[PDB]
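2 protein chains.
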Amino acid sequence: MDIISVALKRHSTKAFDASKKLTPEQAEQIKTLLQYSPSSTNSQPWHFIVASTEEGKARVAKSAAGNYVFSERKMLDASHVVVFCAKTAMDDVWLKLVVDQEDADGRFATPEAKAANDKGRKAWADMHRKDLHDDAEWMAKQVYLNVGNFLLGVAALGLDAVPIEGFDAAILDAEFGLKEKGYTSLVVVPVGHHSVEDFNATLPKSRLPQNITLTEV
Amino acid sequence: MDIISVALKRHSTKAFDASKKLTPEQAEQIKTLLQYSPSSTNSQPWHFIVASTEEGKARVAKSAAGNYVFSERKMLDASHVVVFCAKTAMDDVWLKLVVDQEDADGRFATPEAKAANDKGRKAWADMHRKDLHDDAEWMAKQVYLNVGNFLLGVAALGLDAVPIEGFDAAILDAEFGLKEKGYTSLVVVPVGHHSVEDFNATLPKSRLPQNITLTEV
Ligand SMILES: Cc1cc2nc3c(=O)[nH]c(=O)nc-3n(C[C@H](O)[C@H](O)[C@H](O)COP(=O)(O)O)c2cc1C
Ligand SMILES: Cc1cc2nc3c(=O)[nH]c(=O)nc-3n(C[C@H](O)[C@H](O)[C@H](O)COP(=O)(O)O)c2cc1C
Numbered sequence: 084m085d086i087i088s089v090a091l092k093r094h095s096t097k098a099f100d101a102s103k104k105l106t107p108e109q110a111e112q113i114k115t116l117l118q119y120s121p122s123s124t125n126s127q128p129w130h131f132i133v134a135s136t137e138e139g140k141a142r143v144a145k146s147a148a149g150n151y152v153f154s155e156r157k158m159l160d161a162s163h164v165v166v167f168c169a170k171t172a173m174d175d176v177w178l179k180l181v182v183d184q185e186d187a188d189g190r191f192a193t194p195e196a197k198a199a200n201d202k203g204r205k206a207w208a209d210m211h212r213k214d215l216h217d218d219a220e221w222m223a224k225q226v227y228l229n230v231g232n233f234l235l236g237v238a239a240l241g242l243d244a245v246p247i248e249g250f251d252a253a254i255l256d257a258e259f260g261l262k263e264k265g266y267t268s269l270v271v272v273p274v275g276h277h278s279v280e281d282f283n284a285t286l287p288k289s290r291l292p293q294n295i296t297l298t299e300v
Numbered sequence: 084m085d086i087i088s089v090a091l092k093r094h095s096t097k098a099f100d101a102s103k104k105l106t107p108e109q110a111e112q113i114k115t116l117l118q119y120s121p122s123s124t125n126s127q128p129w130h131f132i133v134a135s136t137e138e139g140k141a142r143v144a145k146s147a148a149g150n151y152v153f154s155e156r157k158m159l160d161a162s163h164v165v166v167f168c169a170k171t172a173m174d175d176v177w178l179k180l181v182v183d184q185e186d187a188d189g190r191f192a193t194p195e196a197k198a199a200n201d202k203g204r205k206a207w208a209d210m211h212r213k214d215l216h217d218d219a220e221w222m223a224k225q226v227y228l229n230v231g232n233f234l235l236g237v238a239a240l241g242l243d244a245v246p247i248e249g250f251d252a253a254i255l256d257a258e259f260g261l262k263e264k265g266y267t268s269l270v271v272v273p274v275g276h277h278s279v280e281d282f283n284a285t286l287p288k289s290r291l292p293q294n295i296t297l298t299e300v
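Residue numbers (my numbering), protein chains in the order written: chain W, 84 to 300; chain C, 84 to 300.
Below is the structure:
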C-alpha cells in the first residue's frame, strides 16, 4: 500500500476477535519486525516475549489486575501478545555479543574497523552508565522506538494491534522471571483482528494540528 | 508482505547527497508521519523542528559542531532535518488541549464521555508527575516511539534517513530556546538521499539472533 495511508488508517483496537488468529507466516513476520528495529549503536538492549498459546496469554494477562482490568481481555482475546522488555543494565558481555555478531555478519573488513566500532559503542555506553547514570532509561527509550516501528509494521501487514502501558510491570516481570535475567517489561502489544465491539475502529482519528506541534525553519 | 522487505532493506544513511532534495509532497508526507504517531493517552507530548533551508539546517548543525563532526556533516548535506523534542513537564493546559481536540474531532458522543476520557488521562498523568516523578522520562519515551514510527515510514516512502543521538542537546535547546518554551531535544533525524560515500548502504544488516532476544510461550 502507501505507507501514509497505513499511518492514517491504523488504530488502537479496544476489542479483539478471539476467533481470528495470525497465519503462520504472519507470526514469523511480526518477529522479524521485532528483531530488525534500529537502536542506538545497534545496542539492541531488549528482549521480547511472544505469547500465542492460551496459557501463555493467560500468564501475561495476570499483569492486568486491579486498576488495569480494562486491558485484560485485550491480552486474552488477541491472537498474539508481545511483551517489550528493556535490559536493566548495560553490561560488557552484551556489548561483546553485539560487536561479535556484526563481525560475523561481515560488517568489518579489518580487525581495526571492528576495534573502532566496539570502542565507540563502549564510549556511549560508559557515558550513560558511568557519567549520566541513565543507561536504564536510555535503553528503555530504544525499546519504545522498537514499539513505534512495530506498530506501523503490523498495521502495514493488515493486522490489528494496541500498545498497552496499563499493566503491572512488577507482576509481569515476576511471572516470567525477568529481573533475574536482567530485563524489565515496558509495553504490552496484543496483535490480531478487531471485533465489532471495537469502538475505536469506527471513531475519527484525533491529533493536534501542526501549527501547534511543528515548527518549520 | 511489502513492509518486511522495507524493514530488511532500510539502513542508517552515513552520507547524504547534498544535491538531492525532497519533493514538496514528500515534505508534506514527512510531517504527516510526525503528526499521526500514537502516544500514551494520545498525550502527544512533543514538538518537531523541521529544517529545510540551509540557514535552518545550519542552526541545527550547531549542536554537532566540534565534538560530533560526522553528525554535523549529515545534518548539513541532508534535504530535511527533523528535530524530535519532548515536553519537559506534563501540565494541565496540555491535557485540556488534547481532550478539547478529541472533542473537536467528534470522538465523544456525550459530555460524560469527554469527562471520563479527561479524568482517565489526568489519572495516568498524575501517576507519573506526582507519584512516580517520571513524567519527563515518560514523555520522552513517547517521542522515541514517534521516531521508530517515523524511520519505518520514511523508508517505506523510499527515502534515506538516519536517527542521531550524537549531538549536544544543550546547544540545540539554546539555539531554538526550547527550555523556555517547555521542550528539550532528544533525537535528530536527517532525511534525504544517500551519496556514494554512504558505505552502510552496501553493508549487510546485523541483528542478534532470535534465540537470544525472543521467548515464545
Ligand atoms: C505507550 C503507549 C501505551 C498505551 N497504552 C494503552 C493502554 O494501556 N490502554 C489502551 O486502551 N490504549 C493504550 N494506548 C493506545 C492509545 O490510547 C492510542 O495510541 C491513542 O489514543 C491514539 O489513538 P490511535 O492509536 O488509535 O491512533 C497506548 C499507546 C501508547 C503509545
Ligand atoms: C536512537 C538512535 C540514535 C542513533 N544515533 C546515531 C548517530 O548519532 N550516528 C550514527 O551514525 N548512527 C546513529 N544511529 C543509527 C544506528 O547506528 C543504527 O540504527 C544501527 O547501527 C542499526 O543499523 P541500521 O539502522 O542501518 O539498521 C542511531 C540510531 C538510533 C536508534
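All residues carry an ideal CB built from backbone N, CA and C; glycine is no exception.
At a Cβ-Cβ threshold of 7 Å, W:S162 and W:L105 count as neighbours. The contact set of C:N232 on chain W, defined by CB atoms closer than 8 Å, consists of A90, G231, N232, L234, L235 in chain order. With respect to the 7 Å criterion, W:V226 and W:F167 are classified as neighbours on the basis of their beta carbons.
DSSP places C:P246 in the coil class of the three-state scheme, outside both helix and strand. DSSP links W:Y227 through a beta bridge to no other residue. By the Cβ rule, the region 118-129 of chain W counts as touching the region 179-191 of chain W, because three or more pairs are nearer than 8 Å.
Going by DSSP, C:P273 is part of the beta strand (DSSP E) stretching over 266-275. For C:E299, at least one C-beta of chain W is nearer than 7 Å to its own C-beta. Excluding its 5 nearest sequence neighbours in each direction, W:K103 has C-beta neighbours in its own chain below 7 Å: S162, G275, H276, listed in chain order. Taken atom to atom, the span from the alpha-carbon of W:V271 to that of W:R290 is near 23 Å. Contact annotation: the region 231-247 of chain C touches the region 223-239 of chain W, with at least three C-beta pairs closer than 8 Å. Listed in chain order, the non-local C-beta contacts of C:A172 below 8 Å within the same chain comprise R212, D218, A219, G265, local neighbours out to five positions each way being set aside.
Secondary structure note for W:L178: its alpha helix (DSSP H) is the uninterrupted segment 175-187. Between C:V89 and C:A238, the gap from beta carbon to beta carbon is short of 7 Å. With respect to the C-alpha of W:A169, the residue from W:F282, W:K140, W:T267 having the closest C-alpha is W:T267. Taking 8 Å as the upper bound for CB-CB distance, C:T96 and C:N283 are in contact here, some 7 Å apart.
Around C:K114, the beta-carbon contacts reaching into chain W at under 7 Å are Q293, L297. Considering only beta carbons, the part of the region 196-211 of chain W lying closer than 9 Å to chain C consists of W207, in chain order. At least one C-beta of chain W is nearer than 7 Å to the C-beta of C:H130. Rounded to the nearest whole angstrom, the C-alpha separation of W:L215 and C:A187 is 42 Å. Secondary structure note for C:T298: its beta strand (DSSP E) is the uninterrupted segment 297-299. The beta carbon of W:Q109 does not come within 7 Å of any beta carbon belonging to chain C, so the residue lies off that interface. Judged by DSSP secondary structure, W:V143 falls within the alpha helix (DSSP H) whose first and last residues are 137-144. In the three-state reduction of the DSSP assignment, C:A198 falls in the helix class, which pools H, G and I. No heavy atom of ligand 2 is found nearer than 6 Å to the CB of C:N125. In this structure, the CA atom of W:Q293 is about 10 Å from the CA atom of W:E299. Collapsing the DSSP output to three states places W:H130 in a strand. Listed along chain C, no residue sits closer than 9 Å to W:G149 by beta-carbon distance, the nearest being about 13 Å off. Taking a C-beta distance under 7 Å as the contact criterion, W:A144 and W:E137 do not qualify as a contact pair. When secondary structure is reduced to three states using DSSP, C:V164 falls in the strand class.
C:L255: member of the alpha helix (DSSP H) spanning 252-259, first to last residue.
Within a 10 Å sphere around the beta-carbon of W:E258 sit 16 or more other beta-carbons, which makes this residue buried.
Under the 7 Å criterion on CB atoms, W:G275 is classed as non-interfacial with respect to chain C.
Secondary structure note for C:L117: its alpha helix (DSSP H) is the uninterrupted segment 107-118. Residue-level contact by beta carbon fails for C:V165 and chain W, as no gap is shorter than 7 Å.
Not one heavy atom of ligand 1 is found less than 6 Å from the C-beta of C:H276.
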